[PDB]
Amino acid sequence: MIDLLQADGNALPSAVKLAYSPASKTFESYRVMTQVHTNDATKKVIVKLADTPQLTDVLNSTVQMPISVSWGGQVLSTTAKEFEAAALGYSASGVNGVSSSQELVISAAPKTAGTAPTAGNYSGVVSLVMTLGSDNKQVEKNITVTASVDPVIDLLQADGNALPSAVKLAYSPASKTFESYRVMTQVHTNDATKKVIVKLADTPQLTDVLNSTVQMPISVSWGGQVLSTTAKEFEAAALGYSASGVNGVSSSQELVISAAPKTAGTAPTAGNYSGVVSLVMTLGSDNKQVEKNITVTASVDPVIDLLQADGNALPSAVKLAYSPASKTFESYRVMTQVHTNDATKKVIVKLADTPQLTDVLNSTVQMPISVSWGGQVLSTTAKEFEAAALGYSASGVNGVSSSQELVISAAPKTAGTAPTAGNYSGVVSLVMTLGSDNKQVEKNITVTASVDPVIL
């Protein structure tokens, strides 16, 4: 006889799996120590493959990787090598007819060495043929070789970095728009011929972190198509894989994530917003997806303004007229409006310091100042104005209160006789706060007054 067995004495396996690592994109070689078992230990051993072995994709016959076979430190082919008996080590083994250990090595890699294998399930047969002498006593060991390359698909930035897990959309309070996130992307895949199918897992929404019901719709496009929960197809030809490439890296494709108020012509409400763009990319027939989750956020800063009802700033100089006939000051009166983008919050109004009309050249005799707003008297301790009561809906533009009267009347200190004569000055500090929010408007009004004893 001639036989080829494992060095332990077991029969050669009829099957071999070549483990694939997607990290290195290579197959681990099968190695096994063997011995020739012979009738005749002086005869040469002629070793060949019956056919040139290939791994072939079970699904597609044109995709093939060559198998490489070595035995005894010699690479095998359909051309036979003759092993002289002397360096098979027949006396080393301690068993008659039995060689020393010879390594069998079965490897696979792509025909173009240094490139990555295409996705697929691969099979083929290695047919090891061994003879003696001039002979036709001939052993054939057939070893079914298997390998799997699982479909891989990734979406990367065009510098090869991962897409970010979070994105901020900058808000302009002037144009009342959010600036779109835009990034240049490339598909990386080991199955480049397949169509890429692109969906969102759910309809993305920019949602007020503190109110479920307050939403702005997010728009996502990739490669010049607006995406939805309904899948869109990108043919491999349309994705611009270079003919000179096989890393399966697409042409650069732009991803755009946009948001806008649900209704055109309107301002977003103050607050912090978020939702998740769940991008889903499928290889056509391979049943494999990558999901990319990108958290999208936006901040609409709370804003509060107090203006005259005509939209002018309040004055930074008020003068109160004196009648000596009635011995009393005429009040300053002005219609004002609160302009806000958080028109559910309570508005908190107070005075920052307590105002006086101080005498100009001696800083002693002082005529302190009454301030009223919205039909409510003001102190340095605050009055609460509920949002319903400011009547933001009741009037005209959204987020502008109906007209509230600001009344500033001085009538000095102790009551029911004439004030003392003199020229007077001072400063009203007014403070408005959008409640719970961390937002303050200060408005300083310089008050001046005259009593002159040279008139009636």
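From 1 onward, residues are counted along the sequence shown.
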item	value
Mean temperature factor over C-alpha atoms, higher-scoring stretch between 154-162 and 238-246	238-246
Mean Cα B-factor comparison, 228-236 or 331-339, giving the higher one as deposited	228-236
Deposited CA B-factor, highest of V69, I46, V400, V428	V428
Largest Cα B-factor, entry values, listed residues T34, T52, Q404, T420	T420
Where the record places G284 (Cα B-factor, split into thirds across the chain)	highest
Third of chain Cα B-factors occupied by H188	lowest
Chain thirds of CA B-factor: placement of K111	lowest
Chain-wide C-alpha B factor ranking for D208, given as lowest, middle or highest third	middle
Modelled-residue ranking by C-alpha temperature factor, third containing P13	lowest
